[PDB]
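Worksheet: one structure, shown below.
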Amino acid sequence: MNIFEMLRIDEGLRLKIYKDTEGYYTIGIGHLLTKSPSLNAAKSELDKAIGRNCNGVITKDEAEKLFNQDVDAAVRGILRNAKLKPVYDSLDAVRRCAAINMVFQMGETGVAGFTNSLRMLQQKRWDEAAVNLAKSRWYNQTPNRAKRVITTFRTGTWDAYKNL
Ligand SMILES: Cc1ccc(I)cc1
Ligand SMILES: [Ca+2]
């Protein structure tokens with residue numbers, strides 16, 4: 001597929017504010033609104049993001065536009081990061097999608113502990129990288145999604161997403 005199809009499978013689509021797997025207010029195709037426990041704070045973030053008063057509900061077009069912005073922000077964060085860019089540029093197109101997927105889910109700060117995984121990926125030691133990537137809170141907390149992403153890094157194919 002492509003990064004949009006991959007993340008749409010992993011994140012789903014919901015048009016009303018929901019909570020992600022960590023309990024944080026989210027909307028659309030996995031768009032984090034806030035880590036605050038305040039629903040009103042999440043609603044304010046939503047209105048700011050969409051540019052109108054939504055009271056917690058968006059259209060599919062709005063969800064898809066937010067998603068495009070979020071994917072682009074993940075790519076640009078990789079390209080501006082001196083640690084991530086060299087690894088990203090060493091990867092083929094399918095594995096670059098796996099990298100964007102992780103940055104979309106965890107952000108640049110969430111991936112900061114993956115330094116050894118990043119080195120193994122740049123060295124193209126795929127099985128070793130796959131084992132190392134699984135030794136993570138990420139894998140333990142979202143194992144099905146992590147297994148799909150790890151299989152993508154291990155094989156360089158879309159097999160985990162076609163199988164699903
Ligand atoms: C975990 C991870 C972070 C950034 C890249 I580029 C690849 C893998
Ligand atoms: Ca999961």
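Every chain in the structure tokens has a letter given in the order shown (A, B, ...), and although residue numbers restart at 1 in each chain, ligands are simply numbered from 1 in the order shown.
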With a distance cut-off of 10 Å and only C-alpha atoms, select the neighbouring residues of residue A:29, excluding the residue or stretch itself and same-chain residues fewer than 3 positions from it, and output the selection as a CSV table (one decimal) with N, CA and C atoms, in the first residue's frame.
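Written output follows (selection.csv):
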chain,number,residue,atom,x,y,z
A,4,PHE,N,-0.5,6.2,4.0
A,4,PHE,CA,-1.9,6.6,4.4
A,4,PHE,C,-2.8,5.4,4.6
A,7,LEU,N,-1.5,3.6,8.0
A,7,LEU,CA,-2.0,4.2,9.2
A,7,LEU,C,-3.5,4.2,9.3
A,8,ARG,N,-4.2,4.3,8.2
A,8,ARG,CA,-5.7,4.2,8.3
A,8,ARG,C,-6.1,2.8,8.8
A,9,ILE,N,-5.4,1.7,8.4
A,9,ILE,CA,-5.7,0.4,9.0
A,9,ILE,C,-5.3,0.4,10.5
A,10,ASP,N,-4.2,0.9,10.9
A,10,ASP,CA,-3.7,0.9,12.3
A,10,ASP,C,-4.6,1.8,13.2
A,11,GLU,N,-5.0,2.9,12.7
A,11,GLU,CA,-5.7,3.9,13.6
A,11,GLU,C,-7.2,3.8,13.5
A,12,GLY,N,-7.8,3.3,12.4
A,12,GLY,CA,-9.2,3.4,12.2
A,12,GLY,C,-9.7,4.8,11.9
A,13,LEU,N,-11.0,5.0,12.0
A,13,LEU,CA,-11.6,6.3,11.7
A,13,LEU,C,-12.8,6.5,12.7
A,14,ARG,N,-12.8,7.5,13.5
A,14,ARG,CA,-13.9,7.9,14.3
A,14,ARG,C,-14.1,9.4,14.3
A,15,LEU,N,-15.4,9.7,14.1
A,15,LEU,CA,-15.7,11.1,13.8
A,15,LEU,C,-16.1,11.9,15.1
A,26,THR,N,-8.7,12.0,21.6
A,26,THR,CA,-8.3,11.8,20.2
A,26,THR,C,-9.5,11.9,19.3
A,32,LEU,N,-4.2,12.9,18.1
A,32,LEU,CA,-4.2,13.3,19.5
A,32,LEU,C,-4.7,14.7,19.7
A,60,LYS,N,-15.9,13.4,7.7
A,60,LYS,CA,-14.9,12.5,7.2
A,60,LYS,C,-13.9,13.3,6.4
A,63,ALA,N,-11.6,14.8,8.9
A,63,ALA,CA,-10.7,13.8,9.5
A,63,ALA,C,-9.6,13.4,8.5
A,64,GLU,N,-9.9,13.4,7.2
A,64,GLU,CA,-8.9,13.0,6.2
A,64,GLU,C,-7.9,14.1,6.0
A,65,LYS,N,-8.3,15.4,6.1
A,65,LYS,CA,-7.4,16.5,6.0
A,65,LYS,C,-6.5,16.6,7.2
A,66,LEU,N,-7.0,16.4,8.4
A,66,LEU,CA,-6.2,16.4,9.6
A,66,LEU,C,-5.1,15.3,9.5
A,67,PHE,N,-5.6,14.1,9.0
A,67,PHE,CA,-4.7,13.0,8.8
A,67,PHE,C,-3.5,13.3,7.9
A,68,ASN,N,-3.8,13.9,6.7
A,68,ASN,CA,-2.8,14.3,5.8
A,68,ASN,C,-1.8,15.3,6.5
A,70,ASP,N,-1.1,15.4,9.7
A,70,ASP,CA,-0.4,14.6,10.7
A,70,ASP,C,0.7,13.8,10.1
- [ ] Pick out the residues no farther than 10 Å from ligand 1, counting only C-alpha atoms and all ligand atoms, and list them as a PyMOL selection string.
- [x] chain A and resi 75+77-79+81-91+95-104+106-122+129+133+138+149-150+153
Keeping only N, CA and C atoms, take the residues you just selected and write them out as a short mmCIF file (atom, residue, chain, number, x, y, z; two decimals), in the first residue's frame.
data_model
loop_
_atom_site.label_atom_id
_atom_site.label_comp_id
_atom_site.auth_asym_id
_atom_site.auth_seq_id
_atom_site.Cartn_x
_atom_site.Cartn_y
_atom_site.Cartn_z
N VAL A 75 6.67 13.08 8.79
CA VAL A 75 7.75 13.05 7.81
C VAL A 75 8.71 14.21 8.04
N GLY A 77 9.23 15.95 10.73
CA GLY A 77 9.97 15.76 11.97
C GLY A 77 11.15 14.82 11.82
N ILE A 78 10.95 13.73 11.07
CA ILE A 78 12.06 12.83 10.74
C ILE A 78 13.16 13.58 10.00
N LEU A 79 12.78 14.33 8.96
CA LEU A 79 13.77 14.96 8.09
C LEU A 79 14.53 16.08 8.78
N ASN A 81 15.38 15.92 12.02
CA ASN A 81 16.04 15.33 13.18
C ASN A 81 17.36 14.70 12.74
N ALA A 82 18.47 15.17 13.32
CA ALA A 82 19.78 14.69 12.90
C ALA A 82 20.02 13.23 13.24
N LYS A 83 19.28 12.67 14.20
CA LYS A 83 19.42 11.25 14.50
C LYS A 83 18.58 10.39 13.55
N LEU A 84 17.37 10.85 13.23
CA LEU A 84 16.43 10.05 12.46
C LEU A 84 16.67 10.13 10.96
N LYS A 85 17.00 11.32 10.44
CA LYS A 85 17.16 11.48 8.99
C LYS A 85 18.13 10.50 8.36
N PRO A 86 19.35 10.29 8.89
CA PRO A 86 20.25 9.33 8.23
C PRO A 86 19.68 7.92 8.16
N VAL A 87 18.96 7.49 9.19
CA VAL A 87 18.37 6.15 9.15
C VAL A 87 17.25 6.11 8.12
N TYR A 88 16.37 7.10 8.16
CA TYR A 88 15.27 7.18 7.20
C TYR A 88 15.79 7.13 5.77
N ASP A 89 16.82 7.92 5.48
CA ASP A 89 17.34 7.99 4.11
C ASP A 89 18.03 6.71 3.69
N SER A 90 18.41 5.85 4.65
CA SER A 90 19.02 4.57 4.32
C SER A 90 18.00 3.50 3.96
N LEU A 91 16.71 3.72 4.25
CA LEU A 91 15.68 2.70 4.08
C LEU A 91 15.03 2.76 2.70
N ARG A 95 9.97 0.22 4.14
CA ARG A 95 10.46 0.41 5.50
C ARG A 95 10.36 1.86 5.96
N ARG A 96 10.47 2.83 5.04
CA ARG A 96 10.23 4.22 5.43
C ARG A 96 8.81 4.41 5.95
N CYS A 97 7.84 3.68 5.40
CA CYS A 97 6.48 3.74 5.92
C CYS A 97 6.41 3.24 7.35
N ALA A 98 7.13 2.15 7.66
CA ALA A 98 7.19 1.66 9.03
C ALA A 98 7.76 2.72 9.97
N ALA A 99 8.80 3.44 9.52
CA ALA A 99 9.39 4.50 10.33
C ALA A 99 8.40 5.63 10.58
N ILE A 100 7.70 6.08 9.53
CA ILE A 100 6.71 7.13 9.72
C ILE A 100 5.63 6.66 10.68
N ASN A 101 5.22 5.40 10.56
CA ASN A 101 4.18 4.86 11.42
C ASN A 101 4.57 5.00 12.90
N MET A 102 5.82 4.64 13.23
CA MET A 102 6.28 4.76 14.61
C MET A 102 6.32 6.21 15.08
N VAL A 103 6.78 7.13 14.22
CA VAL A 103 6.83 8.53 14.62
C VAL A 103 5.43 9.10 14.78
N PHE A 104 4.50 8.70 13.91
CA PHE A 104 3.11 9.11 14.06
C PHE A 104 2.56 8.66 15.41
N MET A 106 4.29 7.63 18.30
CA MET A 106 5.04 7.94 19.50
C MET A 106 5.71 9.31 19.50
N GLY A 107 5.80 9.97 18.36
CA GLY A 107 6.52 11.22 18.26
C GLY A 107 8.02 11.03 18.31
N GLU A 108 8.76 12.10 18.05
CA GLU A 108 10.22 12.03 18.10
C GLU A 108 10.71 11.71 19.51
N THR A 109 10.03 12.22 20.53
CA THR A 109 10.46 11.92 21.90
C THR A 109 10.19 10.46 22.25
N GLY A 110 9.07 9.91 21.77
CA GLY A 110 8.75 8.52 22.06
C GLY A 110 9.72 7.55 21.42
N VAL A 111 10.34 7.92 20.30
CA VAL A 111 11.30 7.04 19.62
C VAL A 111 12.73 7.26 20.09
N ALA A 112 12.97 8.18 21.03
CA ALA A 112 14.33 8.53 21.42
C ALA A 112 15.09 7.34 22.00
N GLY A 113 14.39 6.42 22.67
CA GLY A 113 15.04 5.26 23.24
C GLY A 113 15.37 4.15 22.27
N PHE A 114 15.02 4.30 20.99
CA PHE A 114 15.23 3.27 19.98
C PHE A 114 16.59 3.38 19.29
N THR A 115 17.55 4.07 19.91
CA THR A 115 18.87 4.30 19.31
C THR A 115 19.53 3.02 18.80
N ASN A 116 19.49 1.95 19.60
CA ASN A 116 20.09 0.70 19.16
C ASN A 116 19.31 0.07 18.01
N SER A 117 17.98 0.17 18.05
CA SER A 117 17.17 -0.32 16.93
C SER A 117 17.50 0.45 15.66
N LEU A 118 17.64 1.78 15.78
CA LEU A 118 17.95 2.61 14.62
C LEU A 118 19.27 2.21 13.99
N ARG A 119 20.28 1.93 14.83
CA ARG A 119 21.57 1.50 14.30
C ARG A 119 21.43 0.18 13.55
N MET A 120 20.71 -0.78 14.13
CA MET A 120 20.52 -2.06 13.46
C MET A 120 19.78 -1.90 12.14
N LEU A 121 18.78 -1.02 12.10
CA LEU A 121 18.06 -0.76 10.85
C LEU A 121 18.98 -0.15 9.81
N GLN A 122 19.81 0.82 10.20
CA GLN A 122 20.73 1.43 9.24
C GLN A 122 21.73 0.41 8.72
N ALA A 129 17.16 -6.23 14.29
CA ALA A 129 16.36 -5.04 14.57
C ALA A 129 14.97 -5.42 15.05
N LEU A 133 13.41 -4.21 18.49
CA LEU A 133 12.22 -3.35 18.50
C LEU A 133 11.14 -3.91 19.42
N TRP A 138 6.41 -0.06 23.87
CA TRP A 138 5.59 0.00 22.66
C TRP A 138 5.04 -1.38 22.29
N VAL A 149 4.10 -3.48 12.34
CA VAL A 149 5.17 -2.55 11.97
C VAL A 149 6.51 -3.28 11.94
N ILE A 150 6.78 -4.12 12.95
CA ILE A 150 8.03 -4.86 13.00
C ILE A 150 8.16 -5.80 11.81
N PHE A 153 9.34 -3.82 8.93
CA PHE A 153 10.79 -3.62 8.98
C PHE A 153 11.55 -4.91 8.70
#
Task: atom CA of residue A:61 to atom CA of residue A:20, distance in Å rounded to a single decimal - done: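 It comes out at 20.8 Å.
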Open item on the list: At a cut-off of 10 Å and counting only C-alpha atoms and all ligand atoms, what residues surround ligand 2? Please answer as a ChimeraX atom specification.
Closed with: /A:10-11,21,138-148
Now that the selection is made, can you save its residues with C-alpha atoms as a compact mmCIF listing (two decimals), in the first residue's frame?
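Final output, part.txt:
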# COMPACT_ATOMS: atom_id res chain seq x y z
CA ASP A 10 -3.74 0.86 12.28
CA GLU A 11 -5.72 3.87 13.57
CA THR A 21 -5.04 3.27 24.08
CA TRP A 138 5.59 0.00 22.66
CA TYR A 139 5.49 -3.70 21.77
CA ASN A 140 4.14 -4.76 25.15
CA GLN A 141 1.34 -2.16 25.20
CA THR A 142 0.24 -2.36 21.52
CA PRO A 143 1.52 -5.79 20.43
CA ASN A 144 -0.65 -6.37 17.37
CA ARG A 145 0.17 -3.00 15.87
CA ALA A 146 3.84 -3.31 16.84
CA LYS A 147 4.00 -6.79 15.28
CA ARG A 148 2.65 -5.41 12.00
TODO: Report as JSON, numbers by chain: the residues of stretch 10-160 of chain A with a DSSP assignment of alpha helix (DSSP H), based on the backbone of this structure.
DONE: {"A": [10, 11, 39, 40, 41, 42, 43, 44, 45, 46, 47, 48, 49, 50, 60, 61, 62, 63, 64, 65, 66, 67, 68, 69, 70, 71, 72, 73, 74, 75, 76, 77, 78, 79, 80, 84, 85, 86, 87, 88, 89, 90, 93, 94, 95, 96, 97, 98, 99, 100, 101, 102, 103, 104, 105, 106, 107, 108, 109, 110, 115, 116, 117, 118, 119, 120, 121, 122, 126, 127, 128, 129, 130, 131, 132, 133, 134, 137, 138, 139, 140, 141, 143, 144, 145, 146, 147, 148, 149, 150, 151, 152, 153, 154, 155, 159, 160]}
Output C-alpha atoms of each residue in that selection to a file, as a JSON list (two decimals), in the first residue's frame.
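Output below, filename part.json:
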[["chain", "number", "residue", "atom", "x", "y", "z"],
["A", 10, "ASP", "CA", -3.74, 0.86, 12.28],
["A", 11, "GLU", "CA", -5.72, 3.87, 13.57],
["A", 39, "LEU", "CA", -12.90, 17.07, 27.81],
["A", 40, "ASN", "CA", -13.43, 20.82, 27.43],
["A", 41, "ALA", "CA", -9.69, 21.21, 26.83],
["A", 42, "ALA", "CA", -9.90, 18.54, 24.11],
["A", 43, "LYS", "CA", -12.90, 20.28, 22.54],
["A", 44, "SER", "CA", -10.98, 23.57, 22.42],
["A", 45, "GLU", "CA", -8.04, 21.85, 20.73],
["A", 46, "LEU", "CA", -10.44, 20.32, 18.20],
["A", 47, "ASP", "CA", -12.05, 23.66, 17.36],
["A", 48, "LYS", "CA", -8.60, 25.23, 16.93],
["A", 49, "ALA", "CA", -7.49, 22.37, 14.67],
["A", 50, "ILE", "CA", -10.60, 22.42, 12.44],
["A", 60, "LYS", "CA", -14.90, 12.51, 7.18],
["A", 61, "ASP", "CA", -13.34, 15.17, 4.93],
["A", 62, "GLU", "CA", -12.07, 17.00, 8.02],
["A", 63, "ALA", "CA", -10.70, 13.75, 9.48],
["A", 64, "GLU", "CA", -8.86, 13.01, 6.24],
["A", 65, "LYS", "CA", -7.38, 16.51, 6.01],
["A", 66, "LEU", "CA", -6.18, 16.36, 9.63],
["A", 67, "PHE", "CA", -4.67, 12.96, 8.83],
["A", 68, "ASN", "CA", -2.77, 14.34, 5.83],
["A", 69, "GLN", "CA", -1.38, 17.13, 8.03],
["A", 70, "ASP", "CA", -0.38, 14.64, 10.72],
["A", 71, "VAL", "CA", 1.43, 12.32, 8.29],
["A", 72, "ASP", "CA", 3.28, 15.28, 6.78],
["A", 73, "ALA", "CA", 4.27, 16.51, 10.24],
["A", 74, "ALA", "CA", 5.72, 13.08, 11.04],
["A", 75, "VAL", "CA", 7.75, 13.05, 7.81],
["A", 76, "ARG", "CA", 9.05, 16.57, 8.37],
["A", 77, "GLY", "CA", 9.97, 15.76, 11.97],
["A", 78, "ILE", "CA", 12.06, 12.83, 10.74],
["A", 79, "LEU", "CA", 13.77, 14.96, 8.09],
["A", 80, "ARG", "CA", 14.63, 17.74, 10.57],
["A", 84, "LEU", "CA", 16.43, 10.05, 12.46],
["A", 85, "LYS", "CA", 17.16, 11.48, 8.99],
["A", 86, "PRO", "CA", 20.25, 9.33, 8.23],
["A", 87, "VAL", "CA", 18.37, 6.15, 9.15],
["A", 88, "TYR", "CA", 15.27, 7.18, 7.20],
["A", 89, "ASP", "CA", 17.34, 7.99, 4.11],
["A", 90, "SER", "CA", 19.02, 4.57, 4.32],
["A", 93, "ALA", "CA", 10.14, 2.92, 0.58],
["A", 94, "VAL", "CA", 8.21, 0.22, 2.44],
["A", 95, "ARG", "CA", 10.46, 0.41, 5.50],
["A", 96, "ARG", "CA", 10.23, 4.22, 5.43],
["A", 97, "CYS", "CA", 6.48, 3.74, 5.92],
["A", 98, "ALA", "CA", 7.19, 1.66, 9.03],
["A", 99, "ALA", "CA", 9.39, 4.50, 10.33],
["A", 100, "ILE", "CA", 6.71, 7.13, 9.72],
["A", 101, "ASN", "CA", 4.18, 4.86, 11.42],
["A", 102, "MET", "CA", 6.28, 4.76, 14.61],
["A", 103, "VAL", "CA", 6.83, 8.53, 14.62],
["A", 104, "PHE", "CA", 3.11, 9.11, 14.06],
["A", 105, "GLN", "CA", 2.30, 6.90, 17.06],
["A", 106, "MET", "CA", 5.04, 7.94, 19.50],
["A", 107, "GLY", "CA", 6.52, 11.22, 18.26],
["A", 108, "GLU", "CA", 10.22, 12.03, 18.10],
["A", 109, "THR", "CA", 10.46, 11.92, 21.90],
["A", 110, "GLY", "CA", 8.75, 8.52, 22.06],
["A", 115, "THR", "CA", 18.87, 4.30, 19.31],
["A", 116, "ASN", "CA", 20.09, 0.70, 19.16],
["A", 117, "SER", "CA", 17.17, -0.32, 16.93],
["A", 118, "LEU", "CA", 17.95, 2.61, 14.62],
["A", 119, "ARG", "CA", 21.57, 1.50, 14.30],
["A", 120, "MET", "CA", 20.52, -2.06, 13.46],
["A", 121, "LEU", "CA", 18.06, -0.76, 10.85],
["A", 122, "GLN", "CA", 20.73, 1.43, 9.24],
["A", 126, "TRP", "CA", 16.59, -6.87, 9.89],
["A", 127, "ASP", "CA", 16.06, -9.90, 12.15],
["A", 128, "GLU", "CA", 18.24, -8.35, 14.84],
["A", 129, "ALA", "CA", 16.36, -5.04, 14.57],
["A", 130, "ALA", "CA", 13.03, -6.87, 14.80],
["A", 131, "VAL", "CA", 14.05, -8.60, 18.05],
["A", 132, "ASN", "CA", 15.35, -5.32, 19.48],
["A", 133, "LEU", "CA", 12.22, -3.35, 18.50],
["A", 134, "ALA", "CA", 10.06, -5.86, 20.41],
["A", 137, "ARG", "CA", 6.98, -0.70, 26.15],
["A", 138, "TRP", "CA", 5.59, 0.00, 22.66],
["A", 139, "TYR", "CA", 5.49, -3.70, 21.77],
["A", 140, "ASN", "CA", 4.14, -4.76, 25.15],
["A", 141, "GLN", "CA", 1.34, -2.16, 25.20],
["A", 143, "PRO", "CA", 1.52, -5.79, 20.43],
["A", 144, "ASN", "CA", -0.65, -6.37, 17.37],
["A", 145, "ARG", "CA", 0.17, -3.00, 15.87],
["A", 146, "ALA", "CA", 3.84, -3.31, 16.84],
["A", 147, "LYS", "CA", 4.00, -6.79, 15.28],
["A", 148, "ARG", "CA", 2.65, -5.41, 12.00],
["A", 149, "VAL", "CA", 5.17, -2.55, 11.97],
["A", 150, "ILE", "CA", 8.03, -4.86, 13.00],
["A", 151, "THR", "CA", 7.12, -7.37, 10.28],
["A", 152, "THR", "CA", 7.26, -4.48, 7.79],
["A", 153, "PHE", "CA", 10.79, -3.62, 8.98],
["A", 154, "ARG", "CA", 11.81, -7.28, 9.04],
["A", 155, "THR", "CA", 10.60, -8.18, 5.53],
["A", 159, "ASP", "CA", 2.56, -8.89, 4.15],
["A", 160, "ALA", "CA", 1.39, -7.96, 7.66]]
Open item on the list: One decimal, in Å: what's the spacing between atom CA of residue A:2 and atom CA of residue A:157?
Closed with: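 Distance between the two atoms: 11.2 Å.
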Task: Closest of A:59, A:136, A:1, A:6 to residue A:27 - atom-to-atom distances counting only C-alpha atoms - done: A:59
Task: Near-residue A:35 list (9 Å; only C-alpha atoms; drop same-chain fewer than 5 positions) as a ChimeraX atom specification - done: /A:23-25,42
TODO: Would you please extract all strand (DSSP E) residues from chain A, as assigned by DSSP on the backbone, and give them as a PyMOL selection string?
DONE: chain A and resi 14-19+25-28+31-34
